[PDB]
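This report concerns only the one structure given below.
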Amino acid sequence: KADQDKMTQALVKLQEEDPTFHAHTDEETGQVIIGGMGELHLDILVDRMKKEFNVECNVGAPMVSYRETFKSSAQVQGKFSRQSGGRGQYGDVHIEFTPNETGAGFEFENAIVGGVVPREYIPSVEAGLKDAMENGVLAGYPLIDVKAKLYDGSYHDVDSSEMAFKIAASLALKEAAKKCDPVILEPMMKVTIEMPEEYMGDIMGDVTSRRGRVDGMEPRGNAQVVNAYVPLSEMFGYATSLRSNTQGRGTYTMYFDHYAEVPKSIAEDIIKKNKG
RNA sequence: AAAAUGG
RNA sequence: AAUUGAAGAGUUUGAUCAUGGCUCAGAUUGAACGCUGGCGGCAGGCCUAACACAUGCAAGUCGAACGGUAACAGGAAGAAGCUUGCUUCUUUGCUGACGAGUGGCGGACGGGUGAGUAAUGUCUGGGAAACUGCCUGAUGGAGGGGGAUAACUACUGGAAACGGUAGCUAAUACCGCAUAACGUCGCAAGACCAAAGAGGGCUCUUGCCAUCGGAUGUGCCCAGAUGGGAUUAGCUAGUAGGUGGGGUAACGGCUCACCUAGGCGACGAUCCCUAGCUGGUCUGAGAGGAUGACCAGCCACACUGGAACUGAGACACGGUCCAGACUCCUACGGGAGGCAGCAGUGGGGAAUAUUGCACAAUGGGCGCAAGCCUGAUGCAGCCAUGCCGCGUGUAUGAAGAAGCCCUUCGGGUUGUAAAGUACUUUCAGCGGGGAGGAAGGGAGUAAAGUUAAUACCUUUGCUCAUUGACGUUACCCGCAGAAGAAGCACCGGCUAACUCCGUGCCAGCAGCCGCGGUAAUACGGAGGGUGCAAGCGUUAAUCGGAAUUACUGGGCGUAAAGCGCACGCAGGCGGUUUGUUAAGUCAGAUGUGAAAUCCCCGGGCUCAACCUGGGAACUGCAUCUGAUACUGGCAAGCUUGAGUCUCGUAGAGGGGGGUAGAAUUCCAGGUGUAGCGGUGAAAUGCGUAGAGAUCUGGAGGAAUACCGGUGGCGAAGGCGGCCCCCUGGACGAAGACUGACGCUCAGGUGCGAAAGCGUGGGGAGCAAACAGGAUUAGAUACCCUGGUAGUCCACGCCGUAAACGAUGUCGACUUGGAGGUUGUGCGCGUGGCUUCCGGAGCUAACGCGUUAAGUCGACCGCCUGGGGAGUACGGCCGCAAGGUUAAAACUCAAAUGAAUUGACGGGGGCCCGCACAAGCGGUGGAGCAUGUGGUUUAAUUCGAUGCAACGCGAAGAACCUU
RNA sequence: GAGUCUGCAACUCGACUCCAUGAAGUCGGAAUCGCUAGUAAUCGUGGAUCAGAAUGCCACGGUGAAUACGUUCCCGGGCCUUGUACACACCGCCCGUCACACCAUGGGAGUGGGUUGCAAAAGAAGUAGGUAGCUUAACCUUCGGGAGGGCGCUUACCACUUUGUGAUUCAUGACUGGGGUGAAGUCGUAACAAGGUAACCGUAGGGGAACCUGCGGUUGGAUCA
RNA sequence: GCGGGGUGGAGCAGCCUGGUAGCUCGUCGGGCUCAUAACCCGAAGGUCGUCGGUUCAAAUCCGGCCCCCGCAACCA
RNA sequence: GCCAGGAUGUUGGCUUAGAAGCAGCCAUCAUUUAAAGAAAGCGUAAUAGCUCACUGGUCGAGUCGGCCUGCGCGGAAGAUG
RNA sequence: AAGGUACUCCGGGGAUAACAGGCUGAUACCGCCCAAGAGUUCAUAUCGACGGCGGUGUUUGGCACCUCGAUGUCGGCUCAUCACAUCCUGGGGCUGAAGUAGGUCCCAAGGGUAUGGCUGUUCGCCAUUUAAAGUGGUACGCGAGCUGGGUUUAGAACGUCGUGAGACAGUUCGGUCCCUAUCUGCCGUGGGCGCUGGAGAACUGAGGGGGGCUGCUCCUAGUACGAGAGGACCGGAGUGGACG
Ligand SMILES: [K+]
Ligand SMILES: [K+]
Ligand SMILES: [K+]
Ligand SMILES: [K+]
Ligand SMILES: [K+]
Ligand SMILES: [K+]
Ligand SMILES: [K+]
Ligand SMILES: [K+]
Ligand SMILES: [K+]
Ligand SMILES: [K+]
Ligand SMILES: [K+]
Ligand SMILES: [K+]
Ligand SMILES: [K+]
Ligand SMILES: [K+]
Ligand SMILES: [K+]
Ligand SMILES: [K+]
Ligand SMILES: [K+]
Ligand SMILES: [K+]
Ligand SMILES: [K+]
Ligand SMILES: [K+]
Ligand SMILES: [K+]
Ligand SMILES: [K+]
Ligand SMILES: [K+]
Ligand SMILES: [K+]
Ligand SMILES: [K+]
Ligand SMILES: [K+]
Ligand SMILES: [K+]
Ligand SMILES: [K+]
Ligand SMILES: [K+]
Ligand SMILES: [K+]
Ligand SMILES: [K+]
Ligand SMILES: [K+]
Ligand SMILES: [K+]
Ligand SMILES: [K+]
Ligand SMILES: [Mg+2]
Ligand SMILES: [Mg+2]
Ligand SMILES: [Mg+2]
Ligand SMILES: [Mg+2]
Ligand SMILES: [Mg+2]
Ligand SMILES: [Mg+2]
Ligand SMILES: [Mg+2]
Ligand SMILES: [Mg+2]
Ligand SMILES: [Mg+2]
Ligand SMILES: [Mg+2]
Ligand SMILES: [Mg+2]
Ligand SMILES: [Mg+2]
Ligand SMILES: [Mg+2]
Ligand SMILES: [Mg+2]
Ligand SMILES: [Mg+2]
Ligand SMILES: [Mg+2]
Ligand SMILES: [Mg+2]
Ligand SMILES: [Mg+2]
Ligand SMILES: [Mg+2]
Ligand SMILES: [Mg+2]
Ligand SMILES: [Mg+2]
Ligand SMILES: [Mg+2]
Ligand SMILES: [Mg+2]
Ligand SMILES: [Mg+2]
Ligand SMILES: [Mg+2]
Ligand SMILES: [Mg+2]
Ligand SMILES: [Mg+2]
Ligand SMILES: [Mg+2]
Ligand SMILES: [Mg+2]
Ligand SMILES: [Mg+2]
Ligand SMILES: [Mg+2]
Ligand SMILES: [Mg+2]
Ligand SMILES: [Mg+2]
Ligand SMILES: [Mg+2]
Ligand SMILES: [Mg+2]
Ligand SMILES: [Mg+2]
Ligand SMILES: [Mg+2]
Ligand SMILES: [Mg+2]
Ligand SMILES: [Mg+2]
Ligand SMILES: [Mg+2]
Ligand SMILES: [Mg+2]
Ligand SMILES: [Mg+2]
Ligand SMILES: [Mg+2]
Ligand SMILES: [Mg+2]
Ligand SMILES: [Mg+2]
Ligand SMILES: [Mg+2]
Ligand SMILES: [Mg+2]
Ligand SMILES: [Mg+2]
Ligand SMILES: [Mg+2]
Ligand SMILES: [Mg+2]
Ligand SMILES: [Mg+2]
Ligand SMILES: [Mg+2]
Ligand SMILES: [Mg+2]
Ligand SMILES: [Mg+2]
Ligand SMILES: [Mg+2]
Ligand SMILES: [Mg+2]
Ligand SMILES: [Mg+2]
Ligand SMILES: [Mg+2]
Ligand SMILES: [Mg+2]
Ligand SMILES: [Mg+2]
Ligand SMILES: [Mg+2]
Ligand SMILES: [Mg+2]
Ligand SMILES: [Mg+2]
Ligand SMILES: [Mg+2]
Ligand SMILES: [Mg+2]
Ligand SMILES: [Mg+2]
Ligand SMILES: [Mg+2]
Ligand SMILES: [Mg+2]
Ligand SMILES: [Mg+2]
Ligand SMILES: [Mg+2]
């Protein structure tokens, strides 16, 4: 970490030395990601750090930011009552959690009937859910693609507090996760690979090996272009492979697409990792 | 006799 | 004439007064940053890395010291193509000159930096033991010789740097000899010591040597002053002194030997941390506080550590030697170098300039002079960095235009603002004139002086050409045309300056108080305004406001602050009288206190900034001459303060020993019979193994009813039956005696409740701990039944309490009243002590009030917002418990005192109500009506919700109503 | 089951009648309400609303009690006084442990630096002293030498450097102590009223915590009719 | 290997000796209070680990199967 | 053994990014024939391509694979020789 | 009518345990058969479910045959010797083998095959090497060769159990290792006789023993191969480690 501060300075200098060098700390992962136009390029930079900058470093695969979503729908109740004398803290909310349309995120519905939960406490309930959803409901990753319907609740004239209702809301989400079976999501990436038709088969074979799907192929100029969607984690190291397959005559451009459920095996591994 | 508390 | 000088505000509360912190308005800067940007003058400009430095430059000069001649520019001579009379080519230091060398002088100045340094520094004032190139005064001398040596030559070693060997040579280079005295040595007699020539035409000029002066510079000494820390109190063996010897220009432990045992320090030594000092600068009414950039003086340092050499002067920025780290060269053997001179580069940093020009002037080195050298200096460049002056137009202009903003849509505001019209043109721009900084120096020419000389030289006049980096100088003049020239911050209060719109505890703002949750003068934008202006804001920084460290000029009953009390050393302070001294003090004088700056009066730049003449001031210090009241010293006194003695009085004053009565407990026995004991109510407990109760005898410990008291005694803490023994203090009466013998007191020392600790005793009662029983949601409590340490004694330790009057001690003074207690004189006096109340005065108020918290004086202790914290760490003390001394970071905008109006109280008093009591009839249970909640529903419309919603809005939903 | 009436229309969803049927209920847990006389209690009657639709509301008469000793207690209100740390005013204020996060700081086996004391070692260059040897322009000379000097060597002083052992200062250290700041956490309620056991001071013992208990002290406690 | 357990939500009875589910707390409804706690009144909730066997009948007895404890697990 | 042919509606359809005999899933055909699978393989992203089955020619006598049984073979690595 | 004895003692047993041997082979280890699958496709490059068949003697065991008128037992040291189920070096097939480097299987036993830290350790983990740090058998090779740390006498203590004496597949500190080699074997070294008359030399070679390891650099050649990164075979030369 003494060389970490030096690493910052080293990366700054390296960026000045080479425009193609791009240093960027991924906020979600909290890991600095070094971008290069080639493996050898990055290698030389790292070697330079070790010597010129005198910064000992070890390269690694960028961590992937995953998300969670309830795979099942279940109505749940969250009750929080803490009254032992004087001003207490009562709050009960019955919230129905249902898998939302992928990408629709959170679609909270206030279906409170009979004004069981007073209007003033309603926003707190929702806000409390949102905060709890941001926290991991399965492994620790932000819960997305879920719909919470507060159909029923309970309140006390004195004990009930907005914060109590936020607590009750969070409690509901917890028990919902136990019944709604959240699943980990992985960020899919749309990759556009262009190469001579001679290597087309090999490229598509690589994508399938990664786990990605070939969207389709299309003729451009002289080099065929294959559209595909590959997981970010799997996409790592594609550059070298592409050049190897195409004899350094292949180019690819990857962009984020959506979040797909991590393979049950992979999901299990992620949960294990997050657990410890 | 007992007789706490009240973001 | 040298003065003219002094503002507050916001924020603790429901409100108030006080206390107290925080914040703000001002001024200032080597500034930085952001935004903006016409011009000029003057000035300033690496605060950081005493970090590392590429390149050039910053110290040379002299041929009137000398051998020479490397050049070159000539001359003469001789050869030459032979301009047939010049040219060429050679020779000749031959001359003008001059490379290199010897020599002399300078290089110790000038320029840079502030690392080190808390005094071998600086500043002020004194002093004896010195030295001093160049300059200047006076008096003498200046004779006659010698031996070298560079350059040079040959040779030779090295990559280079740098050399080696042999030969030759000069001097104002070097050494004898003579000379030797207002010199040195010595008591004296005696003895001893120097020199250089050069230049012009015998003379003049310059230089040389000896001595004594002058000036100047420099060295040295002493006293006072010059940061912080005691959570640094001891320090020191050349150490302190002496003596002798040596050493220095000189005094000196400067050095050495020997001898003695000193020296320094609470008036701060030693050690630690920080730091160049000063004249000055900034702030301040001042006193202070802060600071030491530029300018001037002084000191210190020059890659780091160290040393000497030369010299008048250095332990030497651009010298030497050694070591070290760096950089560079190398043939690997060895070499070379030092920007804290100027400019400049890299690095560091928020941030600080051009590898300019000229020696025209001033000043310096060398020279006879001419001249040469000078990054000193004079100037130019960049930079709004500051200061100062000026400009960006000026009059007219209602059309009160458009257009913007706002509006009650009437209008208002921008705003005479703009258009429009009439003028002016600073400055910029273009053109053309034009100072002054310039003195001198160089030619002649003249007279005089000098001399043998109308020579040469010197002096003063005279005459003729001639010297400006800045520079396109200032300044003046002319020409075209308002043309080419305004921005920045702010408008909730403080604080001068308000609306609209957008946003909606979000975004945001903010020095403080706070502002923002849908009518934001507080955010953001717009319109309008306010303040400043080529600047305006922000940040950092200092002082002020802050009387908030209070010398001037504050506090301590309750706000922070009186040591628990006392004794007492050092220290501070001290009644009254005479004489004496003159230390302080006061007066006058004299020397000094650099210049600059500041101040006053002036002068000069068109003004101002800026520059300059004179004065004032420098508040201080030394010395001399005076004054003598007060303070001090000395001497003699006096009695009034203080003290002693004679006599008597009161007292729970202390220490020791003895004794009495009451009660509790226990033990033994008698009588007697079922309870006792305890509580709010109980229970545990005790009792038929005879309790409790009652009576008798005995044992032991502790404390002394009543008297008894706003009583008494004691420094305080404390002290209570009676008796004796030992002992301290206080007070009164009337005399005598002493003669200021006093007061306070850092440090120090002693005393010091209760609890606690050590050792050895004692132990009735009481009772931390502990146990059980209750109480309670729980009850580690309060209550009950038991019960150990301890409480008691001896000796030792601890050293603290709301150790309180939350009020230090001593002295004097300033209306009264009612009491207590204890003397004393003759009902009326007069002392000591004490309680309550109260006047003036004082106090924020409460209160204090002759026992002051009034009015003053002496000395001491202590305080400087609330927390953190009387804590940590260190020291000291302790057996331990702990005590004592005593921080910081961090955090908050308060904390606090007294009093006021409420409210409230399981505070008090006085009243009252179907409040309770005394009664009567009900509700809660059933069925049903009705309202409500909830749940259900396509919808079950909406509102009402503790008392004070729920047969409520609804005094009447089949449709309508709805 | 059979009707009546009002009304466009009585299924949802009217009142009423007739016949039949004949539920719970045998006096109401804890708790709780009204009423002091023409009152309660009970008995009928009328009215508004309104087509129709009262056990409600509003109003009218009939009959018609019991009990009040009193202020000990409960609750509320008024007035006077007193304490107060309360002021959207006791539904006030407010203390500490514990949980979590963050910040500064103390201790800590130690670890790495700076500075420095003491005791030694060391000895470049230079300067001074001595002189194994070597060498020598100027002076002297008996002409051989001599005087004197230089070099070398040696000694003293001393920089770099080295070693041991302390002191001090700074940084860092598993873990740990207390402090502060958070946020509607948990546990109680210690203080402020006599705060419900007056509080507080010193000391000692005990206890999850605020604290409790003993001993002595202070008033900076209320109360007193 | 030898023993003891597995019963309303929690901790405990009942088993021995078949018929014949208790106690305290918690929970729920009503009350008290401004409200909460405390307090008062009323009520619900184990078919007895998991099956099999026996018996007219099984928490009870027998035997597995799982669970959770205790003890033993040695000497060359 | 060898020389040939080895197909046509038709890439059967669906699905498949693509899937044409040869990913998978449904089919499962018909046609010209001597005969030629809605394909037994290799192959391709899919294609294509290379076979094969099937069949015709050539060749001129046996040929092919099960059953029962005799005897052998592999499976079969160790420490003094 | 219960216990302790490690303070112990006597008579007996290999009728009966602990050690080593034996028998056995459950277990262990090694190999094979079938092939569901995995491997983009594709059982068999590599791997392999559900099941099946063997081999070794190799762990943990079973049995109690040898030894109780005694067969010393963990680990280390010294010294070895064999097997091959091969760790390195040699040869080869396949590969999901571009090269380099691997994977897997076959052949091969000539030689070679760490030092330290910690622990009694074997082992293991760790540090740093190496071409490699092989796996087993040999009374878990080797105490009439050494050690004596472990373990199992008598002393003592802790935890624990027990009323206690004492005890523990707990721990802790301390605590006597004898033997002059007759025979076999082995390393050396002589005497006798023989080999056909005696004697002095020089030999032939049946037979036996020893030895046999390997790194790195350079060249080939930055050549083949690879888009690059990298980087050879084959062949040649030099210089080391260990050992003799
Ligand atoms: K104030
Ligand atoms: K300095
Ligand atoms: K000295
Ligand atoms: K002396
Ligand atoms: K000053
Ligand atoms: K120095
Ligand atoms: K000189
Ligand atoms: K000049
Ligand atoms: K004062
Ligand atoms: K004194
Ligand atoms: K006097
Ligand atoms: K006792
Ligand atoms: K005092
Ligand atoms: K503070
Ligand atoms: K009822
Ligand atoms: K109806
Ligand atoms: K009606
Ligand atoms: K009151
Ligand atoms: K800490
Ligand atoms: K430390
Ligand atoms: K209390
Ligand atoms: K106490
Ligand atoms: K026995
Ligand atoms: K096999
Ligand atoms: K395959
Ligand atoms: K045996
Ligand atoms: K192979
Ligand atoms: K081998
Ligand atoms: K072996
Ligand atoms: K054995
Ligand atoms: K052994
Ligand atoms: K043996
Ligand atoms: K032996
Ligand atoms: K034998
Ligand atoms: Mg010259
Ligand atoms: Mg001379
Ligand atoms: Mg002489
Ligand atoms: Mg300094
Ligand atoms: Mg002032
Ligand atoms: Mg000298
Ligand atoms: Mg110099
Ligand atoms: Mg220099
Ligand atoms: Mg410079
Ligand atoms: Mg920088
Ligand atoms: Mg020059
Ligand atoms: Mg205003
Ligand atoms: Mg608004
Ligand atoms: Mg300021
Ligand atoms: Mg002040
Ligand atoms: Mg004050
Ligand atoms: Mg106070
Ligand atoms: Mg106070
Ligand atoms: Mg006092
Ligand atoms: Mg005193
Ligand atoms: Mg005087
Ligand atoms: Mg002056
Ligand atoms: Mg006097
Ligand atoms: Mg007496
Ligand atoms: Mg008294
Ligand atoms: Mg005591
Ligand atoms: Mg005692
Ligand atoms: Mg008692
Ligand atoms: Mg008691
Ligand atoms: Mg005190
Ligand atoms: Mg007292
Ligand atoms: Mg006090
Ligand atoms: Mg009074
Ligand atoms: Mg303390
Ligand atoms: Mg202390
Ligand atoms: Mg009812
Ligand atoms: Mg009503
Ligand atoms: Mg309707
Ligand atoms: Mg009244
Ligand atoms: Mg620390
Ligand atoms: Mg030396
Ligand atoms: Mg309390
Ligand atoms: Mg109390
Ligand atoms: Mg109190
Ligand atoms: Mg207690
Ligand atoms: Mg066979
Ligand atoms: Mg064999
Ligand atoms: Mg034993
Ligand atoms: Mg025996
Ligand atoms: Mg046997
Ligand atoms: Mg036998
Ligand atoms: Mg055996
Ligand atoms: Mg045997
Ligand atoms: Mg298997
Ligand atoms: Mg066996
Ligand atoms: Mg047998
Ligand atoms: Mg035998
Ligand atoms: Mg093999
Ligand atoms: Mg072998
Ligand atoms: Mg072999
Ligand atoms: Mg061989
Ligand atoms: Mg090892
Ligand atoms: Mg063995
Ligand atoms: Mg072995
Ligand atoms: Mg032996
Ligand atoms: Mg043996
Ligand atoms: Mg042993
Ligand atoms: Mg052989
Ligand atoms: Mg061999
Ligand atoms: Mg060898």
Side-chain angles (χ1 to χ4, degrees), chain A residues 1-2 9 13 36-47 59 75 77 79-94 111-125 127-128 130-131 135 150-171 188-220 223-231 234-235 237-252 257 263 265:
Chain A
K1 308 311 296 173
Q9 311 295 352
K13 292 184 77 284
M37 308 307 169
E39 177 178 359
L40 183 56
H41 171 213
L42 293 182
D43 171 59
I44 296 181
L45 298 165
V46 175
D47 298 359
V59 292
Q75 299 74 3
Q77 174 185 356
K79 185 169 186 299
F80 169 80
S81 59
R82 194 88 67 65
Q83 43 186 298
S84 62
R87 176 66 61 68
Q89 225 65 285
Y90 181 85
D92 171 52
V93 288
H94 306 85
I112 288 295
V113 284
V116 278
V117 177
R119 196 286 313 293
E120 300 180 1
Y121 300 83
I122 296 178
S124 74
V125 174
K130 299 178 64 59
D131 300 0
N135 304 301
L150 173 60
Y151 56 91
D152 198 62
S154 302
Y155 108 100
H156 191 218
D157 55 356
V158 176
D159 300 359
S160 285
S161 65
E162 277 68 7
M163 52 77 58
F165 272 87
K166 304 192 305 181
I167 300 176
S170 65
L171 299 179
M188 302 303 298
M189 311 293 293
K190 170 184 284 291
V191 193
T192 308
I193 316 99
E194 177 173 3
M195 83 307 295
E197 58 178 0
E198 54 181 299
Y199 319 107
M200 179 184 288
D202 309 302
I203 270 56
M204 285 181 296
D206 183 291
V207 171
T208 185
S209 302
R210 306 278 178 172
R211 291 186 301 110
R213 59 179 185 293
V214 175
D215 180 59
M217 60 182 65
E218 52 187 359
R220 179 195 297 175
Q224 295 293 305
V225 187
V226 169
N227 315 300
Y229 311 93
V230 178
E234 303 291 354
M235 264 305 295
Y238 189 87
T240 299
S241 179
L242 176 58
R243 293 171 175 178
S244 304
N245 298 304
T246 59
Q247 305 188 57
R249 295 195 181 70
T251 176
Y252 83 96
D257 192 57
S265 59

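No hydrogens, no waters, no symmetry mates; every other heavy atom, side chains included, goes into these values. Here is how names work: the chains are called A, B, and so on, in the same order as the sequence lines, proteins then strands, and each is numbered from 1.
Across the protein-nucleic acid pair, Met195(A) atom CE and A45(F) atom P stand 13 Å apart, rounded to whole Å. Between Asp159(A) atom CG and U36(E) atom P the separation is 7 Å, expressed in whole Å. What separates OH of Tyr121(A) from P of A184(D) is a distance of 15 Å, to the nearest Å. A straight line from CE of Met200(A) to P of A48(F) spans 17 Å, rounded to a whole angstrom. The CE-P distance, from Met204(A) to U41(G), rounds to 16 Å in whole Å. The CZ-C1' distance, from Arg243(A) to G230(G), rounds to 16 Å in whole Å. The interatomic distance linking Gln247(A) (CD) with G230(G) (P) rounds to 19 Å, in whole Å.
Comparing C187(D), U40(G), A17(F) by their nearest atom to the side chain of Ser209(A) picks out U40(G). Picking from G934(C), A184(D), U186(D) the nucleotide with the shortest atom distance to the side chain of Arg82(A) gives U186(D). Considering only the side chain of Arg87(A), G6(B) comes nearest among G6(B), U40(G), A17(F). When each of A184(D), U36(E), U40(G) is scored by its nearest atom to the side-chain atoms of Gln83(A), the top-ranked nucleotide is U36(E). Considering only the side chain of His156(A), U36(E) comes nearest among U935(C), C187(D), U36(E).
Across all strands shown, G55(G) forms a Watson-Crick or G-U wobble pair with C29(G), both key distances being under 3.5 Å. The partner of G21(C) is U11(C), judged by Watson-Crick or G-U wobble contacts that both fall below 3.5 Å.
A positive value of the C1'-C2'-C3'-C4' torsion places the sugar of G661(C) in the north (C3'-endo) family.
Stacking annotation: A58(C) and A59(C) not stacked (criterion of six-membered ring centroids under 5.5 angstrom and interplanar angle under 30° not met). In this strand, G808(C) stacks onto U809(C); the six-membered rings sit under 5.5 Å apart at an angle under 30°.
Rounded to whole Å, the P atom of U218(C) lies 12 Å from the corresponding atom of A300(C). Across the P atoms, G907(C) and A889(C) are found 48 Å apart, a figure rounded to whole Å. Atom name P, nucleotides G675(C) and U688(C): the rounded distance is 15 Å, in whole Å.
Side-chain N/O atoms of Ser244(A) and base N/O atoms of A227(G) include a donor-acceptor pair closer than 3.5 Å.
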